[PDB]
Each structure stands twice: as C-alpha cells, then as structure tokens.
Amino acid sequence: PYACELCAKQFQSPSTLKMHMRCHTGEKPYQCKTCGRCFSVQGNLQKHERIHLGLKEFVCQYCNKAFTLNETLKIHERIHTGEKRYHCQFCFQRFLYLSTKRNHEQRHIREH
C-alpha cells in the first residue's frame, strides 16, 4: 500500500513507512535522558530505560528469578515449561534454543 522508494518493502500506513525509512536514514529521534543513546523506535527506548531504573520487575513464576524485560522473562520460562519451539526440519527433534537447532540441522546436511 505504501512502498519504500529504496528497497521495495511495503507498509500499511504513512506512520509505518516513516518508521521504516529510519533504517535508511539512520535517524534516531528518541534519546535516553540518562546516557544519551538514541533510538529509532520509542518502544525500544522504553525497554532500554528500564536498565537505568534497576527494577527487575518481571519475575519467574517457577523459580522467582527477576528480569529487566518481559521478553527476557518469557524466554527464561521456556526452561521450566519444556517449550521447544525450534523444530528440526529433517527429523522429530525439537529444541529450546535456535542456535542448537541450527547446528543440529547442519549435521544432517553434512551427511547429505
């Protein structure tokens, strides 16, 4: 609907195209008031700002370890739930971590 003049990717609205163009201009409008690091995406600055607060607000319901970000907590909880979301494309094996799945698939390929 809204196409990028520089790489042909397409977007839904003026605002999402405007956001994508920052990948090409390097514009980073949103500046951390503590350390001065700038971000292209306001939501990414907000994650960063949690680091300076030092409040690890996201707590594991299984072992009670605390984390700075919700996403970091959720990745951690996979250890407890047994969620293995990375599937080998060649066999039944399932993996907790993407890097491990990738190395396992490469072993299939080296065998042909």
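A residue's number is simply how far along the shown sequence it sits, counting from 1.
Of the two segments examined, 52-60 and 82-90, it is 52-60 that shows the higher average Cα temperature factor in the deposited entry.
Per the PDB record, of the two stretches 39-47 and 61-69, 61-69 carries the greater mean B-factor over its C-alpha atoms.
Annotation for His104: C-alpha temperature factor in the lowest third relative to the rest of the modelled chain, per the entry. In the PDB entry, a CA B factor belonging to the lowest third of its chain's modelled residues is recorded for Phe95.
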